[PDB]
Protein chains: 6
Amino acid sequence: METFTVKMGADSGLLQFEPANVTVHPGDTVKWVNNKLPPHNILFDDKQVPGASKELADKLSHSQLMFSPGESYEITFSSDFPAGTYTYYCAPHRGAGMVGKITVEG
Amino acid sequence: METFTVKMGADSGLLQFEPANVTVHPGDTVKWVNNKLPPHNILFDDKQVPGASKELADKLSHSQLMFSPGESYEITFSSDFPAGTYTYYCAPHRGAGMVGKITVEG
Amino acid sequence: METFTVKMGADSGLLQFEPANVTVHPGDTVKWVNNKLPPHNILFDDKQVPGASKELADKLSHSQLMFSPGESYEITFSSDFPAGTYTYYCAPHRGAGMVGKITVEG
Amino acid sequence: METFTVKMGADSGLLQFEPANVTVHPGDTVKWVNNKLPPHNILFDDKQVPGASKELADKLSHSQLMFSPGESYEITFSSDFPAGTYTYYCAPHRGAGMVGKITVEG
Amino acid sequence: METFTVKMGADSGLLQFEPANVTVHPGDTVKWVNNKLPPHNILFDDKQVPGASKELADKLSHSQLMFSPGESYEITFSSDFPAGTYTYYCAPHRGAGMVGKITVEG
Amino acid sequence: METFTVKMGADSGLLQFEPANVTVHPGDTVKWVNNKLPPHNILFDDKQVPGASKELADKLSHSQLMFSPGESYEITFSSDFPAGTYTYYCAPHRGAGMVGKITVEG
Ligand SMILES: [Cu+2]
Ligand SMILES: [Cu+2]
Ligand SMILES: [Cu+2]
Ligand SMILES: [Cu+2]
Ligand SMILES: [Cu+2]
Ligand SMILES: [Cu+2]
Ligand SMILES: [Zn+2]
Ligand SMILES: [Zn+2]
Ligand SMILES: [Zn+2]
Ligand SMILES: [Zn+2]
Ligand SMILES: [Zn+2]
Ligand SMILES: [Zn+2]
Ligand SMILES: [Zn+2]
Ligand SMILES: [Zn+2]
Ligand SMILES: [Zn+2]
Ligand SMILES: [Zn+2]
Ligand SMILES: [Zn+2]
Ligand SMILES: [Zn+2]
Ligand SMILES: [Zn+2]
Ligand SMILES: [Zn+2]
C-alpha cells in the first residue's frame with residue numbers, strides 16, 4: 001500500500017505531469033503536488049474512466065485550480081474502484097498536451 | 001424509446017444548439033454532438049431543472065469542454081427523472097445566447 | 001431560524017463577500033445575492049470543509065458563474081452538515097482575495 | 001468618393017464582417033459599424049497589406065475592442081495608399097474565421 | 001512644470017485610477033504608477049482625444065500590461081499637444097469602470 | 001551580413017525564445033519563426049530599448065498573436081537603429097519567463 005507522487009509541471013519547466021503514466025494497485029494512492037508554472041487542475045472525462053461512468057469521473061475530477069506550490073490532491077483507489085485506465089488532463093494546459101494516465105492493475 | 005440528437009453549433013456556423021428545444025418521453029435519450037465552432041459544454045443551473053434540485057442539475061451538467069469534432073455526451077431520461085423542463089447553456093458562448101431546453105413530457 | 005444574506009461584491013465596489021465571515025446554526029440558511037462587479041461564483045475546496053470531505057465541498061460549490069444582478073444561491077445547513085468551518089472563494093476574483101467563511105455552530 | 005459600410009457581426013448573428021470583401025477606389029472610405037455580438041476589433045497583420053509594410057498595417061489596425069452597439073471606425077484610403085489588397089481580421093473571433101478583405105483598385 | 005502622479009488601483013483595493021480626473025498645463029507630465037490589483041494598462045481610443053486623432057491616441061496608449069508594483073509610464077504634454085480632454089481606460093478592468101480623464105488646460 | 005533565426009517555443013517544448021540572447025550588427029536581421037506551443041507575440045516595452053524610446057519600442061513590437069506554425073516576423077537592424085540592448089517578451093507566456101534580448105553592436 002503505497003503513495004505515488006505526481007508532479008504538476010516538470011522541474012525543467014515543461015508543462016507535463018511527471019510521471020505522466022502510473023500503474024497502481026488496489027489500496028494505493030496517487031498524490032498530485034503543485035510544482036512548476038501553476039495553475040493546474042485534474043480532470044477526468046466521462047468517457048475516460050472504466051465503464052465510462054460520469055458519476056465516477058466527476059467524483060475524481062479536481063476542477064478547481066491549484067495555485068500555490070505545495071498544494072496537493074489525493075485519490076486513493078480502494079477496491080470499489082474498477083480496474084483499468086483513468087485518463088486525465090490539465091485544463092489550462094490542454095493545448096500543451098498536459099495529460100496523464102493512471103492504470104489500476106488487476 | 002428513441003435518441004434525439006442535438007448539434008452543438010449549427011451547420012450555418014451560428015452559435016446555437018440545434019435543435020434548441022426538444023420534447024422527450026421518459027426512457028428517451030438526448031445526445032449532443034460537437035458540430036461547428038468548438039469548444040462547447042453543457043451546463044444546467046441549480047434553478048433550471050424540475051424542483052430546482054442542485055443535486056440533479058449537477059449530475060446532468062458536462063462542464064468539461066468538448067473540443068474535437070464528433071465528441072458527444074448523452075443524457076438518458078429514465079423514469080427517475082421528474083417531469084418538466086431542463087434548461088441549459090454553453091458557457092463559452094453564453095454571450096451569444098447559445099442556450100437550449102429539454103422538456104420531459106407526461 | 002434564519003436566512004443570512006451575503007452580497008457578492010460590496011456596495012462600495014470592492015471585490016469582497018459581504019459579510020465575509022458568518023456564523024450560522026443548524027437549520028439556518030446562507031443566501032448569496034449577486035451585487036457589484038459580476039460575475040462571481042462560490043467555490044469550496046476539498047480541504048476547506050469539515051472532515052476534508054470532497055463529496056461535501058463539491059455538493060456545496062456553485063461553480064457556474066453568476067452574471068445577472070440579483071441572481072442567488074442558497075445553502076441551508078441542516079442537522080446533517082458537520083459542525084465546523086466552510087471556507088469559500090470566488091474563482092474570477094481570487095487574485096483580489098474575494099474570500100469568505102461559514103461557521104456551523106454546535 | 002463614397003463611404004462603404006461594413007457591419008461587424010451579420011444581422012443573422014453570424015460572426016463575420018458583412019460584406020467581408022469590398023472593392024474601393026482611391027479617395028473612398030471604409031467604415032466599420034458594431035452590429036451583432038460585440039466586442040470586435042480590426043487587425044491588419046504586417047504581411048497582409050501592399051508591400052508588407054508594418055508601418056502601414058499598424059497605422060490601419062484598431063486593436064482596441066469595440067463593445068457598444070453603434071461604435072464605428074473609419075479608414076479613408078487617400079492617394080497615399082498603395083493599390084492592392086488589405087486583409088484583416090477580428091482577434092476575439094479569429095477562431096470563427098471573422099475575416100475581411102479590402103481591395104484598393106486602379 | 002509639474003508631474004501629476006496617478007495610482008493604478010486605489011489603496012482601498014478599488015479598481016480605479018486615482019485621481020481619475022486630472023487637469024494639467026502644457027509642459028506638465030502625468031505619471032502612472034502601478035499600485036493595487038495588477039495588471040493594468042492605459043488606452044486612449046481614436047475618438048477620445050482632441051481632433052479625434054488616431055495617430056495621437058495610438059502614440060499615447062500603453063497597451064502593454066503592467067504587472068509588478070512600481071512599474072510606471074509617463075506622458076509629458078508638450079505644447080505640440082492640442083488642448084482639451086484625453087479620456088482613457090484600463091482594458092482588463094473596463095468592466096469595472098476603471099476609467100480616467102486628463103484635461104489639458106488652455 | 002546575416003539573418004539570425006529565433007525559434008518561438010523550444011523544440012523540447014519549453015516556453016522560450018531560442019536563442020534568447022542574440023548579438024547582431026548594423027545591417028543584420030532577426031527573424032522570429034513560430035515553433036512549439038503557439039500562440040506567441042513579440043513585445044518591446046518603452047523602457048526596454050535604447051534611449052527608452054516608446055516610438056521605437058512600438059514600431060518594433062509585433063503585438064498580434066502568431067498562431068500557425070512557420071509564421072514569421074523579421075526586424076532588420078539598419079544604421080538607423082541605436083546601438084544597445086532591445087529586451088523583449090511574449091505576452092501569453094510572460095508567466096513562464098518567455099523572454100529574449102537583442103544587442104546591436106557598434
Ligand atoms: Cu497544467
Ligand atoms: Cu458553444
Ligand atoms: Cu467575485
Ligand atoms: Cu468579432
Ligand atoms: Cu486596471
Ligand atoms: Cu510565447
Ligand atoms: Zn501497490
Ligand atoms: Zn465528455
Ligand atoms: Zn419518445
Ligand atoms: Zn445557480
Ligand atoms: Zn428564526
Ligand atoms: Zn441561527
Ligand atoms: Zn483541492
Ligand atoms: Zn469609389
Ligand atoms: Zn505578422
Ligand atoms: Zn502645470
Ligand atoms: Zn475606436
Ligand atoms: Zn553576410
Ligand atoms: Zn553581423
Ligand atoms: Zn511600459
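Going from the start of the chain as shown, residues are counted 1 onward.
Note: Cβ is positioned from N, Cα and C throughout, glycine not excepted.
Copied over from Swiss-Prot:
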type	residues	note
DOMAIN	D:2-106	domain 'Plastocyanin-like'
BINDING	D:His40, D:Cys90, D:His93, D:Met98	Cu cation binding site
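Summary for the binding-site residues D:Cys90, D:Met98: the Cβ-based neighbour count within 10 Å is maximal at D:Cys90.
Between the listed binding-site residues, namely D:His40, D:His93, the fewest other CB atoms within 10 angstroms of a CB are found at D:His93. Within 8 Å of the centroid of the Cβ atoms of D:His40, D:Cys90, D:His93, D:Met98, where the record puts Cu cation, the same chain has further Cβ atoms from D:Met8, D:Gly9, D:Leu15, D:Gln16, D:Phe17, D:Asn41, D:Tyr89, D:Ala91, D:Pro92, D:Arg94, D:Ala96. Mapped onto DSSP classes, the domain 'Plastocyanin-like' (D:2-106) shows 16 helix, 44 strand, 45 coil.
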